[PDB]
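**Student:** I'd like to ask you about the structure that follows.
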Amino acid sequence: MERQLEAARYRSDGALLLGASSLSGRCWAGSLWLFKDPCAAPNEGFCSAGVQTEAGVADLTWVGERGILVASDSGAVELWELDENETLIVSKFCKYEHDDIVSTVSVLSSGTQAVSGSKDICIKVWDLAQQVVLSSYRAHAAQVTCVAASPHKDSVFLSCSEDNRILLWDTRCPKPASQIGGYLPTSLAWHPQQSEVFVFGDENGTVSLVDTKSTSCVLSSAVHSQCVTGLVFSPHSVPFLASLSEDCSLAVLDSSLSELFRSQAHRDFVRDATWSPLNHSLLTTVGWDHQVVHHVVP
Amino acid sequence: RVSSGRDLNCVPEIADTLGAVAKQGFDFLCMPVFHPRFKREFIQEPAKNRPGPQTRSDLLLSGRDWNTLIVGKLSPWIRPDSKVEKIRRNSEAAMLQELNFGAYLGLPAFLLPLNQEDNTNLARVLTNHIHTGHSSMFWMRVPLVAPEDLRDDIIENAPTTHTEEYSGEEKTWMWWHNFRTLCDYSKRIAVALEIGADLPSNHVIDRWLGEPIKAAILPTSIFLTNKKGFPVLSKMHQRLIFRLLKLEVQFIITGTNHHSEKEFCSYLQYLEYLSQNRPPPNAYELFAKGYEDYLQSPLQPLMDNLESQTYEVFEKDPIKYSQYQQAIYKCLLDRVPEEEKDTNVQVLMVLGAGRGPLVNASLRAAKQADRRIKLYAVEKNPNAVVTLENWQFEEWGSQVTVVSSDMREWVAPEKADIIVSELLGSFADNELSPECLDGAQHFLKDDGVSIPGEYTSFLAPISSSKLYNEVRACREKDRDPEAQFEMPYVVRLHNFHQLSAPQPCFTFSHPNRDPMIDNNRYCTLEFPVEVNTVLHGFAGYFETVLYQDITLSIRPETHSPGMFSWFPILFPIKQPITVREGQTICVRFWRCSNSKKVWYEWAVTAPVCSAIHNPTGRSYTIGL
Amino acid sequence: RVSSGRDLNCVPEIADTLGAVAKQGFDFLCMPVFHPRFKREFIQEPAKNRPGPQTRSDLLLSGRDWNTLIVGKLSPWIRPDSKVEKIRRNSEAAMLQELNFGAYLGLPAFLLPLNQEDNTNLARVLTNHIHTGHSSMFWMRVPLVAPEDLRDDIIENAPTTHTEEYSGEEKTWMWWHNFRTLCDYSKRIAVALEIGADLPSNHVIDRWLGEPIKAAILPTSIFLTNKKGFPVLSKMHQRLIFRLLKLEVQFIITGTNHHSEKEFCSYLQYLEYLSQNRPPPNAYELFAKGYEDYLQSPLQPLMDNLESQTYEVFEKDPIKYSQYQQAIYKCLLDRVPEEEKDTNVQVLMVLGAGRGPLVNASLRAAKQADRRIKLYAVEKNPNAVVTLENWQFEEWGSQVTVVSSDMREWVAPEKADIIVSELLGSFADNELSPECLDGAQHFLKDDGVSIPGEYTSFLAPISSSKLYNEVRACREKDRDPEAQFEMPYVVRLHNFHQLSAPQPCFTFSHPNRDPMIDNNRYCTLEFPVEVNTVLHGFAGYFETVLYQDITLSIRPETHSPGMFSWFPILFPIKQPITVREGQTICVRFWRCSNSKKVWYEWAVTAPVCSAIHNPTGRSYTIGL
Amino acid sequence: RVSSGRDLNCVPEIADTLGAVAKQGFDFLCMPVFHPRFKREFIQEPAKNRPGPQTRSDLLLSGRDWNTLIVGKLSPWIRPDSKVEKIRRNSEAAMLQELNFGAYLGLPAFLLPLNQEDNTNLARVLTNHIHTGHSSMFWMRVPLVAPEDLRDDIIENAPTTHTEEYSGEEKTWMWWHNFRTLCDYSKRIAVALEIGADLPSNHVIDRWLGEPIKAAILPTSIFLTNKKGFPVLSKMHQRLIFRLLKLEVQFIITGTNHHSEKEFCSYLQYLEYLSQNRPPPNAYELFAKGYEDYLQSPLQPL
Ligand SMILES: CC(=O)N1CC(Nc2cc(C(=O)NC[C@@H](O)[C@@H]3Cc4ccc(OCc5ocnc5C)cc4CN3)nc(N3CCC(C)CC3)n2)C1
Ligand SMILES: CC(=O)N1CC(Nc2cc(C(=O)NC[C@@H](O)[C@@H]3Cc4ccc(OCc5ocnc5C)cc4CN3)nc(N3CCC(C)CC3)n2)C1
Ligand SMILES: CSC[C@H]1O[C@@H](n2cnc3c(N)ncnc32)[C@H](O)[C@@H]1O
Ligand SMILES: CSC[C@H]1O[C@@H](n2cnc3c(N)ncnc32)[C@H](O)[C@@H]1O
């Protein structure tokens, strides 16, 4: 267990996933963790499963219930599975196909496929069962910041880059990428209820709401005093938007971009956020201060 | 042969990693000194008070290793020219931090990228660091082709262009040019040129001629696979590698292994392979291997005496004296009918005999010609005269008459049929061959031959930011701060770009029958340039007619094979001059004199004016 | 070990001869370049038209050999300061001739004698040659004892004196001094000191301390014979040889073989023999073997950050930290009664912790003392802080609190029982230990200890024409032409002569209870000199009390054995100052400051005045 | 107020002439130091051995006068950039000669024309003279409008252009610019700007802002006649004069008297007239009269 908590993702049953990295000190590496008790986190010896990774974790995601997909510093995308009655965590594959750090991954609607984004400026589409890359896309002109899968479609996703582009993808077109109109975009979240709707956060700490058809910014709000790291919608049918930042704060937002809650609890960068399936008003942040924090949301 | 390095952006443990790459066969490693993803805060609480340590310890490697093996890399999140003030300020502090840590560790080089046009604030920070505290080097990572111009054409509403922009395709050179200009041409700032899968037009590549390329970066992705399964390169990529092997750059391998069945030494093996497969070096090559771009100030042969070892070196030019032998041989046959073989002894005079190579060549000539000759060996350097007289008594006998004299002063007993001289510099007349032979021609028979018979100097505009910077570094105490730019240097031009074909500048012929002899000259030249470039000076070459069709040349087009006795000359200019494709460079050249000294002045008049260089020979003259 | 050479004045054939001496075991040969007896005429006919050759040919040896093996020698008949105008004029031309031939051959050194007081016109010729055309060296042959003063007392009407003249016995030094002064202290002019059978008074020998002795000449005649039959030297001659072996001079053997039953390698064997028989080098020796008389400009530790490898070097001083360990150990016992062993945890603060040697020494102290301590490690160099925190987390634990701060700024949580620092330079206060600890003492308990407790700087006048000349060579563009003389250098003083016993200059003690603290200082010192000499500057040393009787010193008299962490400092003066035996040197020293910087000024007032050096810190300050 | 000078190219006797112009009211005189038509030969016999004297004697004026009153003028036949090598070489020697004579006399300024684009070899000679031996000044005579661009449109098979070239209309500035660049921005080289009857576009005039204009040359021809019969200038010419009076240039009058019923002081009177008629100086003006373009390094008040 290292200090820089990168990721936090509940699954159906309510077990909490943790990715982490050592971003300083002798060894620069990382670790995956399962916490059947959310409140035992981040305590190592009070966990259900845990594993050591050669290199640090930039991103991860659930692959259903047992699979864990990892964006590594190594430039590898890795799939680990829960085994031994979810006590072991075991590499299934480790594929060095990116030529630089893998910044982002995202699972597609089906869950047999995923898309990665890297500092090597490329975006790649994976078949998880085959363990082979299907497509390689040098669409951007700078580091790929974020890739976000369409909720209900396995040919569609968003990406954003330091080239200041936001690309709506659709792998059915021969030119699969479509640019859609600002400070550099840092974060992406599809709307869960309404496809054709998504939000993006910039480096200037502004959150924006966009309609794909329109390609016109519906609404903007200066929510953070620094870069927006992550955006997460709540499980509710009418969902909340959780917003992360390097200002070390969490905000929660309504359908209008106005503020409802705000947390200063983290003393370092806020890295990930994940709503409890079992309680739709519990919210769990992680940060580089090594806190796991459980928020109660009006 | 090939000094090479591994670029990584993920190092779990330095020692494990460094061993691995040492094992693989690399000479050094490029790596981050702070974790690439470990963004730090300098202004804003609470994040700024993040407990240390902020990175790894210096104790993890020997000083020896830090100094020789580890090239640092700026963290990719550091953006000094960000449009966001916050980020700009933060990145400033971060850059200084990472740079100072590099300096603390004593790293021999450190990498910073040029990823966009505007790197102004980045330069300002670097410049300040340069002027604070070494001989550490900065490698600016520059793409041969900007990422935006090599993206896949897969944005349906943003197609990649399909019209050529000549200058547009050269934008990354401009990124570098502006940067190094902002930084005042620091010699601590060089290029790490990054090579992609698709190469641009040759003009875009030739744009980097004369630039300080210390490294070439090769992604794994750009390697084709052969039938065996090994990694290789296209023939076009190979051409570039061979060009880069002349510049003896360090090759850097970046990216993961895509040939996973093969090893990572297989990539490096391909380079090693090409390196011996380099086409064998010619005869002039293997000479000046260590003199490449080395600047030497030409010294007066008339005012100073040459040292023993200097003569020793130049005596051993096979071609020069072969050609001299032949010219004398042919001249003898033209002068003495076979019937007069024994009746007619030709009077030869070697004017500037040194340690006697032309004397010997004159003997070897007459033996082969089956004709009879009487030699004088006239030499002003009395030190060399000692060599001649030990030669003369020991070997030559009274056939040779060593005269210890200036040829302009000497009163000859009899006139010469043939005067033979070796007074030409790299720019022909620069050692004042005209003035010497002029003062000597009175003792040539009214129908006599001078060998050589004629010489012509040639000029060509060049671009070399490297040579420009070397000249600039030649400032000295107790003289004009810009004197170094108003004098010519002898130099094996190497890292440079010739911008137009050489053209004749000044010509002399001997004997010179003119009643009113004048060795002064003024010459306007017009050089059509078909590239975008930066003018930094003029290369000088020469050709000479020894006799009839026996010639010597260092003009590259007609260069005498093997002949090493003359390197080119370089005439710099104070301020570099931008030249756009299409424009003509117009240069002016004077040969000037008074009774005591001779000198060149020069000026560019198009496409802009320079100052007249070396006015009144203030920075530079040649003593009569 | 012993680089040596054979002096000959008769060489029938160079190659035969050079082999013989190579065979014999010599590294090089001193010989004439023209025949010693071959007097030449330059003005007067008919003798001036003497047919050449005037000497041997350069072709008789490889350039390699000329450059490395052959030391030239002026022909003995050449007398530039002859009272006869004719001879004067002729010798002028002859000297130039022989010198230029030496240069032509590329000889690494050339010998000229000083045989009399007046060598003015000789110097003028040499000087002109120096300023015409290299890094060739001139060895002035100077007798330790003039021939006139070692002749046999066998002229019955001209007895040799038997009263001592102190200065008279030093006349040959004056010959050299005048000569090198006339020649403007050219670095191309050195001494070949010639040694005779009877040695003069030690004062006469010590007169040559600090002078550029490149060679020592040993006649065969001065060698006693032992019982075996081998050649040896008196014990007094041996003392001199050992002195000369410190200066790593080249020994030159001259004269014929008087031990004819023995070989000529037998002489050279005696030297080789003495050379290993040299008394073993002490602990401070074997350190600064390669730093001898090497000048380093001291750099601000407060304004700049030390590099990793610099700390690495100085951490490994065995004595410094032993002494620091002991001082802390003893202080603990004095502070914590045995009964209070576990009740009392002492608060220690390392102020300027670097990579933590005093931290560790503090731990090793408390372990041995069987007492309990809480450590802070305060370090302003953030690069080093990275080392501390990797240490702290990995090993030390929360017992240590790494503070990344200036000690003058830091706000401490609690006060310290003991502050421990390592801020002393070669002249104690030169790195501004006073100012730092002053700004830090507010967080010392009202009864706390500072380690060190006190330091004192020491000065001593020195003579070294060598070091004087090295400083002089430190002129730089774009600053005062004499700035190099108005700043102190760190240097392992080696070839020099201390003219009087060191004396205390400035003293500081910590804590400093004074309500009105002032770190400025003014100090007049009076140095009784009992030799004739030439003053060129002042050596600086220091001593410090760490605690009670635990001390460190670099003062030569009381130097801490083995300790290499500080070399001496040197304060030069613009113009050398003659001092006669008996006279007192009076020097003035200021420590000056404003809010931004600290500096020294200095002046000599007796026996003559210098300028005040470094006024307003114009040439040199230390940044606060 | 107005420091002014008479330009002549015919001086039968220096003293007669110099009195006349002193009488007329001029402060100084621009004149040849060798006879304008007296072409000399330096290489070719027999003409090179032409018995001296080669010109007038220095004894004809006091040192005082030479130093203060007499501006020299290069002889018009001297062409250092001639396409003919012979003429080039000869003119080189002639230019050096005339320049050195100017220096010998101690003249405070000397005039050389810029009549074409290429003055490279001319500059080289001047530069060499500058770096040989003073605080003497060189006034480069430059037309505001090149002669070729103000000729009468009376060549039927060579019409004068009637399309504007923006940069083309500024070619004389380029003549000057190249020249002074070649000469390394010597502070001894300034402009004598020559003004014609028809003025160019304001851009062409503003092109000379910031340039070292020491003199402005006014031909008599450019003066309109008023009803009285006096000489005057168009309002546009006046605007320029007022601009030039800020730069405190010396005005030079050249050409014969076309207002023969009026005197030659009548021209100079018009200038004197305009000079007081200059619009009164504002409040900030009359401050920094003597501080104009004076450089002061700012010093720390703290
Ligand atoms: C062996 C080899 O392959 N290479 C490649 C390098 N070629 C060159 C070329 C030039 C250069 O361009 N120099 C100007 C040129 O004008 C030169 C002058 C000259 C002088 C003396 C002479 O002596 C001839 C003779 O010997 C005995 N007697 C008589 C009469 C010949 C030359 C030739 N031209 N300089 C050098 N330098 C400087 C000089 C160092 C000794 C060697 C390095 N290297 C050496
Ligand atoms: C190994 C050996 O036997 N020898 C004989 C030579 N002794 C010396 C002496 C001096 C000299 O007098 N320097 C001034 C003096 O004030 C010096 C400064 C200082 C700085 C840093 C420090 O770090 C201590 C620490 O390390 C880790 N943490 C903490 C706090 C110690 C010293 C000691 N004093 N310079 C040198 N130079 C310059 C520096 C080059 C690296 C080595 C060569 N060599 C080397
Ligand atoms: C080998 S390069 C030219 C040689 O000619 C000699 N030399 C050059 N100029 C003269 C001269 N004017 N008279 C005689 N020898 C000359 C030089 O000393 C040198 O040995
Ligand atoms: C080892 S030499 C002195 C050490 O003390 C540190 N140091 C010097 N002055 C100060 C200061 N004022 N505050 C803190 N550390 C200091 C230096 O960075 C160095 O590591």
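In order, the residues displayed for chain C correspond to 13-145, 147-637 in Swiss-Prot numbering, which applies throughout.
We read in the header that X-ray crystallography, 2.1 Å was used to get this structure.
Cβ coordinates come from backbone N, Cα and C, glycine included.
Look at Swiss-Prot and you will find C:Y324, C:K333, C:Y334, C:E392, C:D419, C:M420 tagged as S-adenosyl-L-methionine binding site, backed by experimental evidence. Look at Swiss-Prot and you will find C:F327, C:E435, C:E444 tagged as protein binding site, backed by experimental evidence. What Swiss-Prot records for C:308-615 is domain 'SAM-dependent MTase PRMT-type', and it gives sequence analysis as the kind of evidence. Residues or ranges marked as region 'Beta barrel' in Swiss-Prot (evidence: experimental evidence): C:465-637. According to Swiss-Prot, the region 'Dimerization' annotation covers C:488-494, on the basis of experimental evidence.
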**Student:** So which one is it: of the binding-site residues C:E392, C:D419, which has the fewest other Cβ atoms within 10 Å?
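**Tutor:** Selected from the binding-site residues C:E392, C:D419 on minimum Cβ neighbours within 10 Å: C:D419.
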**Student:** May I ask which residues of the same chain, at least 6 positions away in sequence, place their Cβ under 8 angstroms from the Cβ of C:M420 (S-adenosyl-L-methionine binding site)?
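**Tutor:** Listed in sequence order, they are C:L364, C:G365, C:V391, C:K393, C:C449, C:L450, C:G452, C:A453.
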**Student:** If you measure every Cα to Cα pair among C:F327, C:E435, C:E444, the residues listed for protein, what is the largest value in Å?
**Tutor:** 16
**Student:** So if I measure Cβ to Cβ from C:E435 (protein binding site) and keep only same-chain residues at least 6 apart in sequence, which ones fall under 8 Å?
**Tutor:** C:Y337, C:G365, C:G367, C:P370, C:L371
**Student:** Report the largest Cα to Cα distance, in Å and rounded to a whole number, among the residues C:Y324, C:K333, C:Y334, C:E392, C:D419, C:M420 that the record lists as binding S-adenosyl-L-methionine.
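**Tutor:** Taking every pair among C:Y324, C:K333, C:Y334, C:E392, C:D419, C:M420, the longest Cα gap is 23 Å.
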**Student:** Do you know the DSSP helix, strand and coil residue counts for the region 'Dimerization' (C:488-494)?
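**Tutor:** Helix (H, G, I), strand (E, B), coil: 0 helix, 0 strand, 7 coil.
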**Student:** Residues other than C:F327, C:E435, C:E444 within 8 Å, Cβ to Cβ centroid, of the protein site?
**Tutor:** C:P314, C:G365, C:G367, C:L436, C:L437, C:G438, C:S578
**Student:** On the three-state reduction of DSSP, what should I expect for C:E435 (protein binding site)?
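**Tutor:** The residue in question, C:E435 (protein binding site), is coil (DSSP, three-state).
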**Student:** Enter the number of other CB atoms within 10 angstroms of the CB of C:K333 (S-adenosyl-L-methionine binding site).
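**Tutor:** The answer is 23.
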**Student:** Quick one: what's DSSP say for C:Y334 (S-adenosyl-L-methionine binding site), helix, strand or coil?
**Tutor:** helix
**Student:** Out of the binding-site residues I have (C:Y324, C:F327, C:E392, C:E435), which ones have their Cβ sitting under 6 Å from ligand 2?
**Tutor:** C:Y324, C:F327, C:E435
**Student:** Among the binding-site residues C:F327, C:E392, C:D419, which have a Cβ atom lying under 6 Å from any atom of ligand 4?
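**Tutor:** Close enough to ligand 4 are C:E392, C:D419.
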**Student:** Sequence gap of 6 or more, Cβ distance under 8 Å: name the residues on the same chain that satisfy this around C:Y334 (S-adenosyl-L-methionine binding site), in order along the sequence.
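**Tutor:** Within the chain, C:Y334 (S-adenosyl-L-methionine binding site) has Cβ neighbours under 8 Å at C:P370, C:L371, C:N373, C:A374.
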**Student:** Within a 10 Å radius around the Cβ, which one of these binding-site residues has the most neighbouring Cβ atoms: C:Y324, C:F327?
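**Tutor:** Output for this query is C:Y324.
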**Student:** Could you round the CA separation between C:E444 (protein binding site) and C:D419 (S-adenosyl-L-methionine binding site) to a whole angstrom and send it over?
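**Tutor:** Distance between the two Cα atoms comes out at 14 Å.
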**Student:** Helix, strand or coil by DSSP: which one applies to C:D419 (S-adenosyl-L-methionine binding site)?
**Tutor:** coil
**Student:** Given C:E392 (S-adenosyl-L-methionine binding site) and C:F327 (protein binding site), what distance in Å do their CA atoms have, once rounded to a whole number?
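**Tutor:** Answer for this pair: 16 Å between alpha carbons.
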**Student:** Counting across all protein chains shown, how many other Cβ atoms sit within 10 Å of the Cβ of C:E444 (protein binding site)?
**Tutor:** 22
